[PDB]
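Take a look at the structure below.
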Amino acid sequence: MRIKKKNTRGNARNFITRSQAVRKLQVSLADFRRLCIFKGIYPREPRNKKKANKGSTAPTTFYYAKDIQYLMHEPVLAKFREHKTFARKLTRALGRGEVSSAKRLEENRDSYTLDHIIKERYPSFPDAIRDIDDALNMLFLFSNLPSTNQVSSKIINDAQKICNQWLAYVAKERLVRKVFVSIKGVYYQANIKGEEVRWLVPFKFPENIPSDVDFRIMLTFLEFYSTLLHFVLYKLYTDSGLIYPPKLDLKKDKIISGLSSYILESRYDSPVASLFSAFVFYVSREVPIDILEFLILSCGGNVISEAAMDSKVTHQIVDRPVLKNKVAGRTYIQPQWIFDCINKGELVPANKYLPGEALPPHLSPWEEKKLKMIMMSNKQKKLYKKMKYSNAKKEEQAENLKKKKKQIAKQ
Amino acid sequence: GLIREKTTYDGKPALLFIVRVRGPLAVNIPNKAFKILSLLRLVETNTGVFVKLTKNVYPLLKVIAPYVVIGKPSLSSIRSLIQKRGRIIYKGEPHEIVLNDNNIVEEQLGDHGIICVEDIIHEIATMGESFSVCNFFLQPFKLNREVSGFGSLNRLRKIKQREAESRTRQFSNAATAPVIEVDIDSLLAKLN
Amino acid sequence: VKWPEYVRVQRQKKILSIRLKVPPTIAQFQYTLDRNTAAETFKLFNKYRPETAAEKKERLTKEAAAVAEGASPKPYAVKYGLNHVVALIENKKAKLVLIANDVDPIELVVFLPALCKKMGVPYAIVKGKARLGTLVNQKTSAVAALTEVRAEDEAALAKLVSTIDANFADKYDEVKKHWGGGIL
Amino acid sequence: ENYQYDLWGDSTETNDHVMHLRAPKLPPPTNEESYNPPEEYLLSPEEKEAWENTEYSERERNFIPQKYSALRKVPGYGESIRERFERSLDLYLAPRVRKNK
RNA sequence: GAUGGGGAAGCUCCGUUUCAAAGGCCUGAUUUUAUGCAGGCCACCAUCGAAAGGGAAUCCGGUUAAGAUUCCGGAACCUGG
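Residue numbers (the authors' numbering), protein chains in the order written: chain n, 1 to 267, 352 to 394, 405 to 460, 550 to 594; chain t, 127 to 218, 223 to 322; chain G, 50 to 119, 125 to 238; chain m, 304 to 404.
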């Protein structure tokens with residue numbers, strides 16, 4: 001054949017530039033990135049940059065051609081055009097002045113569903129659990145955020161309902177294995193069929209919403225995660241023989257509005357799932373009953389909330415500066431006891447967490552070479568130097584920790 | 127889809143929540159209302175504040191009836207509003227820092243026995259002794275307003291929301307006009 | 050420099066109409082109901098929007114459903135059809151007539167104001183045929199007329215007619231002179 | 304009953320059949336950043352300023368650990384939104400490169 | 001020689017840039033009254049037309065009933081990935 005141009009085969013056509021991909025798809029960057037997020041597509045870096053970018057050295061972003069081509073056949077692309085046309089026609093009606101026509105048009109529209117995206121993105125059920133970490137984190141973050149002009153109240157309510165349903169399922173099955181508390185918030189590491197899924201849970205305190213962040217991407221992520229978690233919860237409930245959706249007692253919702261509100265019914353295998361068995365724990369006003377109650381319920385018996393209509407218990411959780419009465423019938427234990435008990439899994443002694451007593455630190459559950556180096560090659564020499572530097576920097580983790588411990592031990 | 131029942135007003139100090147209505151459209155805030163709402167620090171739309179249903183406040187509530195709505199929120203709604211929204215207007223000077231630090235409650239009050247946000251919630255829900263002190267410290271929550279958008283779908287939603295006001299909010303303007311009481315729980319579930 | 054041919058053609062048409070002398074029968078428009086009275090007329094006419102296809106369909110289905118299980127007067131509405139408007143005109147049945155000033159074929163509407171004044175029927179020129187269309191469930195009608203009206207709006211209609219007569223009909227009766235398009 | 308159907312069912316398909324489908328790269332577990340960690344981990348006052356002077360993306364420790372004596376004293380976190388936003392951006396914008404450690 | 005046009009009743013003639021909306025490159029956190037797209041640059045514009053024009057690259061030896069820079073042995077050189 002005739003001469004073949006350099007930038008026409010190989011990496012040149014194997015990867016398509018983002019700008020070229022947008023032009024080929026004839027879709028706005030917003031919709032294109034929405035589809036990419038829904039399909040879970042990511043950019044890729046070839047071993048040679050100039051070769052892929054038509055021989056031009058630029059900070060171009062590359063995407064796999066096959067994935068983009070497959071994306072073009074997704075019905076979501078047509079649904080986006082349908083939504084755009086509906087919005088244009090509704091603006092036309094609003095400008096005309098026939099509100100009734102706009103209402104009739106709205107009553108006919110139907111929203112697209114990501115059911116077929118989940119099937120291909122997660123061919124098997126365990127795959128969804130293996131990556132539901134990000135979905136759980138996002139849902140737990142959004143459930144606590146306040147509604148604003150960007151995020152609607154309904155979205156936050158749905159996220160909170162999903163989080164509550166997940167917590168209720170976890171508590172009913174007692175799948176909690178390890179827990180942790182940090183500045184970022186409390187961490188929960190359940191075991192859903194052996195996936196050891198971890199999910200952060202921030203404290204139930206107000207959070208500032210800076211304008212720097214863009215919730216538009218977060219809105220789409222939460223929209224996808226809503227369907228993902230709904231399907232996962234339905235599958236889990238069907239596997240466990242529990243009815244779905246789980247109804248909630250409005251009487252409890254008015255009082256506590258949380259874990260106990262959802263009364264899940266049909267129609352124990354690990355020491356962590358047996359701690360505090362047949363025990364009843366009292367919780368004070370200062371402790372985060374929302375976090376503490378779930379842990380105790382998943383581990384052992386029920387909990388008596390500090391809330392009332394505004405005893406046969408054996409332990410009481412309180413974090414007041416000074417104990418109030420200390421009735422002989424209630425054991426007083428600091429909230430740190432529950433976390434340490436879960437981490438140890440063997441009911442750590444309660445005599446180390448009495449009220450006012452100092453709490454123990456919390457720990458997360460997770550010579551001739553000088554001459555011989557002459558014969559080493561340049562690349563090998565550089566690699567050995569990098570390895571030595573990496574060893575030295577890691578040694579600092581122990582050196583500066585032991586030095587600071589020695590300094591602290593003075594008093 | 128709505129029910130009404132005439133009930134005699136009692137004298138007990140029931141818990142009430144006030145939400146700014148921002149109306150009527152053509153009425154300019156009169157001096158009487160200007161002072162009444164200024165004393166209640168409800169000087170901005172969507173502002174929320176907790177008050178005590180004392181007999182000395184019933185005439186003021188009746189007078190400001192067109193300007194605001196009232197109801198009896200539940201403990202869960204009060205707790206959610208307090209723990210999700212809050213204001214602390216003090217040295218930090224006019225900084226609007228929010229209740230992210232329980233130690234601040236200890237510092238400001240200290241002796242009143244209010245050491246955490248849950249203590250404030252319980253005091254408000256049970257008409258505690260520190261109700262007056264904590265409420266002033268608990269500057270009004272800036273509740274998010276309605277859809278707050280001007281667009282294709284947003285305007286249609288706003289029209290439907292407005293049409294419900296005539297079926298839910300009305301005033302007779304007579305001295306005998308009973309105070310309209312609505313479930314604040316539903317409104318909060320809609321606003322929040 | 051070059052622009053689209055149609056854009057240039059329409060710009061040339063505009064700058065020619067702005068500069069071409071026209072007989073008084075033309076340019077009888079461009080002296081139109083003011084923004085205030087125009088808005089008042091729209092408000093009055095906004096209460097008599099003709100029943101759209103969906104509204105009529107739902108009403109008929111509801112009536113049929115009640116009938117299947119086993125009196126009101128004629129609904130007053132605006133009249134907009136050019137043939138129907140010109141038929142209400144010349145018969146004295148028309149009370150208020152609105153004329154669009156931006157009709158593409160000028161000849162279709164040149165004689166309408168003259169006939170309306172000859173018959174002694176109140177008439178008003180309002181900018182924008184789309185505005186008439188927006189209130190008639192159509193793209194445009196180029197004309198709008200009123201018929202028997204509810205007693206509540208009778209006073210409003212009379213006041214609007216008096217205002218139109220005071221503002222446009224009497225003030226712009228001089229439009230016969232001053233051949234339009236004389237701007238330098 | 305919208306969404307109330309098991310789209311997975313009995314299945315054993317593997318999405319990794321194509322090597323281009325790289326792993327989700329779950330975040331690493333937390334290490335010694337507890338609300339009540341050993342006081343030796345506390346950063347010194349000058350080191351706090353030095354760390355604060357560092358630019359973004361070079362902030363492995365995104366906060367200064369503090370020895371909170373009581374659970375109630377634990378304050379809220381305002382950077383939780385920022386961390387999740389950064390993670391979401393990295394998920395669908397950070398170039399994924401296959402490598403062997 | 002179409003292309004956008006004009007003349008010709010018409011088979012058709014003119015015209016090659018002719019006053020055509022005549023395509024080809026890149027960037028962005030997702031574009032703020034909230035997930036319908038914004039911005040940066042150039043202004044030419046198909047095709048055919050040469051086996052004596054320019055060109056990417058094979059030399060030798062041997063072999064047939066007719067074929068050799070092609071068939072066989074050896075050793076060569078160009079393009080793309």
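Don't be surprised by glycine CBs; every beta carbon is placed ideally from N, CA and C.
Residue j beta carbon less than 9 Å from that of residue i
{"i": "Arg211/t", "j": "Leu141/t", "result": "no"}
{"i": "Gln189/n", "j": "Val179/n", "result": "yes"}
{"i": "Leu166/t", "j": "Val175/t", "result": "yes"}
{"i": "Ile237/G", "j": "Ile67/G", "result": "yes"}
{"i": "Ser262/t", "j": "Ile250/t", "result": "no"}
{"i": "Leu93/G", "j": "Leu214/G", "result": "yes"}
{"i": "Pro308/t", "j": "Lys198/t", "result": "no"}
{"i": "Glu82/n", "j": "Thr101/G", "result": "no"}
{"i": "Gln165/n", "j": "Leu233/n", "result": "yes"}
{"i": "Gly258/n", "j": "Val364/n", "result": "no"}
{"i": "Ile436/n", "j": "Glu336/m", "result": "no"}
{"i": "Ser200/t", "j": "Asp315/t", "result": "yes"}
{"i": "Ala103/G", "j": "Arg104/n", "result": "yes"}
{"i": "residue 120/G", "j": "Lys181/G", "result": "Since the numbering of chain G jumps from 119 to 125, residue 120/G cannot be located in this structure."}
{"i": "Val195/t", "j": "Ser152/n", "result": "no"}
{"i": "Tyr306/m", "j": "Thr238/n", "result": "no"}
{"i": "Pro46/n", "j": "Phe15/n", "result": "yes"}
{"i": "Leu554/n", "j": "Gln430/n", "result": "no"}
{"i": "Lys105/G", "j": "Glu202/G", "result": "no"}
Inter-residue CB distance, residue i and residue j (contact presumed, cutoff 8 Å)
{"i": "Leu189/G", "j": "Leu200/G", "result": "Their Cβ separation, rounded to whole angstroms, is 12 Å, which puts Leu189/G and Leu200/G out of contact at 8 Å."}
{"i": "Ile129/n", "j": "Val197/n", "result": "6 Å"}
{"i": "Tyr130/G", "j": "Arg204/G", "result": "6 Å"}
{"i": "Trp460/n", "j": "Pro332/m", "result": "4 Å"}
{"i": "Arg414/n", "j": "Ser368/n", "result": "7 Å"}
{"i": "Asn232/t", "j": "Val247/t", "result": "6 Å"}
{"i": "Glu386/m", "j": "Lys588/n", "result": "Contact flag wrong, Cβ pair sits at about 29 Å."}
{"i": "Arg299/t", "j": "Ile310/t", "result": "7 Å"}
{"i": "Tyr380/m", "j": "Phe203/n", "result": "7 Å"}
{"i": "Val407/n", "j": "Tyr366/n", "result": "5 Å"}
Chain-order list of residues whose beta-carbon lies under 6 Å from that of residue i (same chain, five-residue window excluded)
{"i": "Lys51/n", "result": "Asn11"}
{"i": "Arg399/m", "result": "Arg325"}
{"i": "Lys178/t", "result": "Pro139"}
{"i": "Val71/G", "result": "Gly234 and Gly235"}
{"i": "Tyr80/G", "result": "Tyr226 and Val229"}
{"i": "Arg148/t", "result": "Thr171"}
{"i": "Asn85/G", "result": "none"}
{"i": "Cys383/n", "result": "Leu359 and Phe360"}
Buried or exposed (CB count within 10 angstroms, at least 16 for buried), residue i
{"i": "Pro206/n", "result": "buried"}
{"i": "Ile204/t", "result": "buried"}
{"i": "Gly243/t", "result": "exposed"}
{"i": "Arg364/m", "result": "exposed"}
{"i": "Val421/n", "result": "exposed"}
{"i": "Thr90/G", "result": "buried"}
{"i": "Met138/n", "result": "buried"}
{"i": "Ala113/G", "result": "exposed"}
{"i": "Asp115/n", "result": "exposed"}
{"i": "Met556/n", "result": "exposed"}
{"i": "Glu370/n", "result": "buried"}
{"i": "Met218/n", "result": "buried"}
Cβ neighbours of residue i in the same chain (closer than 8 Å, five flanking residues each side left out)
{"i": "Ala168/n", "result": "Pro246, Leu259, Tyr262 and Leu264"}
{"i": "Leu345/m", "result": "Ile367, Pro368, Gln369 and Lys370"}
{"i": "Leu94/n", "result": "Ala102"}
{"i": "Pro150/t", "result": "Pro192"}
Spatial neighbours of residue i in its chain, beta-carbon cut-off 7 Å, leaving aside the 5 residues before and after
{"i": "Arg267/n", "result": "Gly241 and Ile243"}
(message) So within the region 158 to 240 of chain n, which uninterrupted beta strand (DSSP E) runs reach at least 3 residues, ignoring any that extend past its ends?
(response) 176 to 181, 186 to 190 and 198 to 201
(message) At 4 residues or longer, what runs of the alpha helix (DSSP H) sit wholly inside the region 5 to 49 of chain n?
(response) 11 to 14, 18 to 25 and 29 to 39
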